[PDB]
Protein chains: 2
Amino acid sequence: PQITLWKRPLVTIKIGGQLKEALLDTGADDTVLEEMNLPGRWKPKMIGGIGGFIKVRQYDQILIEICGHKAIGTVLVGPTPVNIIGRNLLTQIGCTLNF
Amino acid sequence: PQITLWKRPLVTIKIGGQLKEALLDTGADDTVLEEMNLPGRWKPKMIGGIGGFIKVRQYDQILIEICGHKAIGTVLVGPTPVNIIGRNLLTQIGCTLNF
Ligand SMILES: CCOP(=O)(COc1ccc(C[C@H](NC(=O)O[C@H]2CO[C@H]3OCC[C@H]32)[C@H](O)CN(C[C@@H](C)CC)S(=O)(=O)c2ccc3ncsc3c2)cc1)OCC
């Protein structure tokens, strides 16, 4: 679909079999979700944002459905203010910016 | 144009008579620019992201040109690591997300 930007580009995602809301974020290299339980092995990682760095759990090759489009990739879990879908998964669902 | 997301969506902007590179960021409500001494009145503000908050100066009715398309609105100036074009200006150039 075509998504305009008058409101936050919030969409419903499915991950670990649960539904959640997340922001499509072209300024984010990586996908970061609020704390949640996810199956699988993970490793500690650090990521930086506008205000400094946070510690996250890095889960590799996770299935996530974004408005019904499937992606399989890296998902970071940690104390983000909002669930964000970054470019690593936006590229998999075929997202572009147009103006 | 159409901008794919394999790489960071960096574009040239013109603001206060100067050229800069800036990230087109659908996850950013507002526009945040690197330290720059703009003329006119401003108001202090705090904006938050991953890692916490930063102190910025809020300027109103600032003209920015983004790949030849003009936009006018609020611009926040402070110690951001990157120039960020947010939805307040992206809407004005008709920018949409398409997958
Ligand atoms: C030189 C580089 O230094 P650096 O690496 C960080 O650089 C950076 C690169 C890009 C961005 C843009 C930010 N992306 C992000 O956090 O992405 C992370 C996840 O993926 C990784 O890739 C990029 C970073 C990692 C989002 O797109 C927009 N954000 C809001 C978002 C959290 C929704 C609430 S916002 O900027 O917080 C913001 C902007 C305007 C605004 N108006 C009112 S609120 C408000 C808040 C910030 C910093 O670390 C040094 C400590």
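These residue numbers run from 1 along each chain by written sequence and may not equal the entry numbers. Residues without coordinates are not shown. Here the convention is simple: chains get letters from A, ligands get numbers from 1, in the order in which they are written. With hydrogens and water excluded, all non-hydrogen atoms of the structure serve as input to the side-chain values. Residues with missing side-chain atoms are left out of burial classes, side-chain pairs and their counts.

The deposited coordinates for this entry were obtained by X-ray crystallography, with a reported resolution of 1.7950 Å.

Enquirer: Explain the nonpolar core here, please?
Expert: Soluble, globular proteins show a tendency: their nonpolar side chains are buried together. Counting residues in each nonpolar core, the largest one holds 48 residues, and the members touching the most others are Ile66 of chain A together with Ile66 of chain B. Those residues in contact with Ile66 of chain A that lie beyond four places of it in its chain are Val11, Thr12, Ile13, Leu24, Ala71, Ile85, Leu89 and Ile93 of chain A. Nonpolar cores were defined as sets of buried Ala, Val, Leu, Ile, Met, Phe, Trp, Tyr and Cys residues, with membership established by side-chain atoms within 4.5 Å. Categorising residues by exposure relies on relative accessible area from a 1.4 Å probe, with only protein chains included: less than 20% of the type maximum marks a residue as buried, more than 50% marks it as exposed, and the intermediate range marks it as partly exposed. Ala28, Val32, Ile47 and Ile54 of chain A belong to the second largest nonpolar core, which has nine residues in total. By definition in these notes, contact holds between two residues if any of their heavy atoms fall within 4.5 Å.

Enquirer: Even after reading the chapter, I still don't get the sheet that holds strand β1 (residues 2-3) of chain A, so can you show me in this structure?
Expert: Each strand in a sheet pairs with another by means of backbone hydrogen bonds, the pair being arranged parallel or else antiparallel. Only strands that DSSP links by at least two bridges are regarded as paired with each other. Strands are runs of DSSP state E lasting at least 2 residues, helices are runs of H or I lasting at least 4, and numbering of each runs from the N terminus. Reading across from one edge, β1(A)-β9(B)-β9(A)-β1(B) is the order of the four strands in this open sheet, with antiparallel pairing throughout. At either end of the open sheet lies a strand with only one pairing partner, and these are β1 of chain A together with β1 (2-3) of chain B. Looking at chain direction, strand β9 (residues 96-98) of chain A and strand β9 (residues 96-98) of chain B are connected through three bridges and run antiparallel. Residue pairing in the sheet places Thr96 of chain A in a bridge with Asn98 of chain B of β9 of chain B.

Enquirer: Is there a simple way to explain the state of the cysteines in this structure?
Expert: Pairs of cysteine sulfur atoms within 2.5 Å are identified as disulfides in what follows. With the rule as written, the count across this model stands at zero disulfides over all chains. Looking at the unpaired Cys67 of chain A, the closest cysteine sulfur is the one in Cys95 of chain A, lying at 10 Å. Free of any disulfide, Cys95 of chain A has its nearest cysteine sulfur in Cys95 of chain B, 9.8 Å distant.

Enquirer: How should unusual backbone geometry be read in this particular structure?
Expert: Trans peptide bonds make up the majority, and among non-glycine residues the majority have a negative phi. All names here are of chain B. Even without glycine at this site, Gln61 takes up a positive phi of about 55°. Residue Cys67 is not a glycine yet carries a positive backbone phi of 45°. Tracing the sequence through the fold places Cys67 in the loop between β6 (52-66) and β7 (69-77). The class of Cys67 is partly exposed, set by a relative accessible area of 38%.

Enquirer: What is the right way to look at the side chain of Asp25 of chain A in this model?
Expert: Its place among the elements puts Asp25 of chain A in the loop between β3 (18-24) and β4 (32-33). Note on charges: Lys and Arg go in the positive column, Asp and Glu in the negative column, and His and the chain ends are not counted at all. When a carboxyl oxygen of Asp or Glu is within 4 Å of a side-chain nitrogen of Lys or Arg, the pair counts as a salt bridge. The charged side chain of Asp25 of chain A is buried without a salt bridge, its nearest counter-charge being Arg8 of chain A at 8.2 Å. Under the rule applied, a polar contact is a pair of N or O atoms within 3.5 Å (in protein, one hydrogen donor and one hydrogen acceptor; residues adjacent in sequence only if both atoms are side-chain atoms). Engagement of the side chain of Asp25 of chain A in a polar contact is seen with the backbone nitrogen of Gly27 of chain B, the distance being 3.2 Å. Beyond its immediate stretch of four places on either side in the chain, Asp25 of chain A contacts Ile84, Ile85, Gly86, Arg87 and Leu90 of chain A together with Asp25, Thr26 and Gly27 of chain B.

Enquirer: Whenever I open this one, the UniProt feature "domain: Peptidase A2" (unreviewed entry) in chain A confuses me. Can you help?
Expert: UniProt positions are given in the numbering used here, feature names are shortened, and annotations may be inferred rather than shown by experiment. Under the feature "domain: Peptidase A2" (unreviewed entry), the UniProt entry names residues 20-89 of chain A. The span residues 20-89 of chain A carries 4% helix and 57% strand; its end-to-end C-alpha distance comes to 16 Å.

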